[PDB]
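**Student:** Below is the structure, and that's it, no one-letter string:
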Ligand SMILES: Nc1nc2c(c(=O)[nH]1)N[C@@H](CNc1ccc(C(=O)N[C@@H](CCC(=O)O)C(=O)O)cc1)CN2
């Protein structure tokens, strides 16, 4: 494969990527007339559309490539060769052919330099960002609204991809990523083609930081960015344009310590690294005369040593900023309040269409200790997919809320699927189960892996809801086997939810429920390596609604033990979780008896505690 030959050269020498072609074409000093012969009577002006020059001025583009190759990896002249971008020139219908030609003219140059020079050259298929932003609204007036959709972007990128691959490119390069959701759509397009039609080529992914803040246009940090696109298994990852080498330095060394991939990096004008870069090039301002200076400098430099064990046993999530759950990370609070069924206010504000004030419920939860936000829009009086889509897009607007990862909560996979399309960072999916059999579970788990989300697996199968310690273990053990073995799902992306069910009901059947969850948590944490444990905590205490002090006390008493058994996270009321040591010793001991069913009349004695 090309990956072998690619990784081989990279392990020995730091490769070079060509400068931006736009600078050279600008120097060429075209005129509208010069695009071209073929068109002649085109109703839209083509001047400035560098992409069509592959057809209308091929020799010019070919010579641009040659200069760089002699002065190497060559980008295809395909930065705007999508349906979306070419609509501004009335060439929507021409995307595939433009990429095909752009890849041919580049491939002809590559091989001449390969013949004359002796060393092999590579063609990079450039996929660009388009002007559409899937994570940012066109205006602050309507923050729910979006111009393009995920599926619309996937279609376009898929078509561009076909052309490049057919045109015989050696690397697909998703570059100048202003918005990460676009890049995720591009990655989804590439996975579509590879799944059956094509043999996979290596993917290079380059972000674009705008300021000294270290953030993308879509507000995301480098660390958050790599997590959001790691599922694409890119051979190389980096940054390009917008910033010079000096401004763009400290972000690269952050990115490099967070990934096993090689590190691309091609800055701009208005530089030998310290083990920071694996591939080097230029963008706006870079000429072939620059690349020569870059080439002679990097000639004898020792390439970066990628860490092959970077965040090995961590669950990687991301909002705008990264959020990692390693073995020694403490209990992660996933905020419960943004749930139409489980919250009185939230439901009233969603059903009444007041989404702007509903964001305050998300904002306050994060301020009150919520590290992930659970979003649940399930109600018979709601259009699930749209409301999720709407609320997710609104959250993205508010930077305080958007920082954290999101937990997409629905009993309907189409709602799940809608939220994933609208989320820029890596989310938790909540949930799937074996309720409808193995094949259905696998199809849904196969789709989630494709979007690249973490995932909650409910302790539910064909028999129904798992309420016993053994039944809980059975389902999770079977599930773990299907995910890890049959699908190659990363076991660190698997959360299992043995079901936290109500106790204290006055029905002896429900008495062991808490214990079973804690016991099952132990065996699962020991049985199934990598997987983590979650649970909806407030379900435990439906029996004592009204008495909040008891509910909160129950939660704290429950957690203390659960956490000891191996509970990594939960869907909880983040502000209102007392510390185990500061809970009154009488109430603590009472709840301890209820959770562990040690006292036969534990129910009445708890409700007795009020007074
Ligand atoms: N994977 C998983 N996901 C889940 C659950 C689970 O188990 N497992 N259970 C639910 C977790 N979320 C909540 C949120 C709130 C409450 C709750 O307790 N609400 C109050 C009402 C609060 C209010 O109206 O303000 C009540 O008593 O009904 C319970 C569970 C939904 N998602």
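**Tutor:** Noted; the coordinates are in hand. Numbering: from 1, shown residues only.
**Student:** Which residues outside stretch 333-340 are in contact with it?
**Tutor:** With Cβ atoms under 8 Å, 6 or more residues apart in numbering as the test, stretch 333-340 has contacts from 342-343, 345-347, 350-351, 358, 361-362, 365-366, 369-379, 382, 391, 407, 409, 428, 534, 536-538, 569-574, 577. Where you see a C-beta, it was placed from the backbone N, CA and C, and this is true even at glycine.
**Student:** Nearest residue to residue 44 in space, please, no chain neighbours.
**Tutor:** For residue 44, ignoring the flanking residues on the chain, the nearest one in space by Cβ to Cβ, 6 or more residues apart in numbering is residue 90 at 4.1 Å.
**Student:** roughly how far apart are the one you found and residue 81?
**Tutor:** Shown here: residue 90 relative to residue 81, a distance of 14 Å by Cβ to Cβ, to the nearest Å.
**Student:** Compare those two and say which is more crowded by neighbours.
**Tutor:** Comparing residue 90 with residue 81 by neighbour count (other Cβ atoms under 10 Å), the higher total belongs to residue 81, at 34 against 14.
**Student:** how about the residues of this structure near the ligand?
**Tutor:** 336, 339, 342-344, 409, 430-431, 456, 497, 499-500, 535-536, 538-539, 542, 545, 571 (Cβ under 6 Å from any ligand atom).
**Student:** let's see 8 Å
**Tutor:** With Cβ under 8 Å from any ligand atom as the criterion, the chain comes near the ligand at residues 336-337, 339, 341-346, 374, 376, 409, 430-431, 456, 458, 497, 499-501, 534-539, 541-542, 545, 551, 571, 573.
**Student:** Which of those residues are buried? Put it as a ChimeraX command.
**Tutor:** Only the buried entries of the residues of the chain next to the ligand go into this ChimeraX selection, using 16 or more other Cβ atoms under 10 Å:
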select :336,337,339,342,343,346,374,376,409,430,431,456,458,497,499,500,501,534,535,536,537,538,539,541,551,571,573
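**Student:** ok, back up a step: identify those among the contacts of stretch 333-340 that sit within helices.
**Tutor:** In helices, defined here by DSSP state H, the members of the contacts of stretch 333-340 are 345-347, 350-351, 358, 361-362, 365-366, 391.
**Student:** Can you tell me which of the contacts of stretch 333-340 end up in strands?
**Tutor:** Mapping these onto strands (DSSP state E) picks out 372-376, 407, 409, 428, 569-572.
**Student:** what's the closest of these to residue 196?
**Tutor:** residue 428 (28.8 Å; Cβ to Cβ).
**Student:** residue contacts, that closest one?
**Tutor:** Residue 428 neighbours (Cβ under 8 Å, 6+ apart): 317, 334, 372, 405-408, 453-456, 495.
**Student:** Of these, which is the most crowded?
**Tutor:** Highest neighbour count within the contacts of residue 428: residue 406, with 33 neighbours (other Cβ under 10 Å).
**Student:** Test my guess that it contacts residue 372.
**Tutor:** Yes. Here residue 406 reaches residue 372: they are 7.0 Å apart, a contact under Cβ atoms under 8 Å.
**Student:** mind giving me the domain ranges of the protein?
**Tutor:** 1-314, 315-611 (curated CATH domains).
**Student:** chain center to the shortest one: distance?
**Tutor:** To tie it back to what came earlier, the one meant is domain 315-611. Relative to its chain's centre, domain 315-611 lies at 20 Å (Cα atoms, centre = their mean, to the nearest Å).
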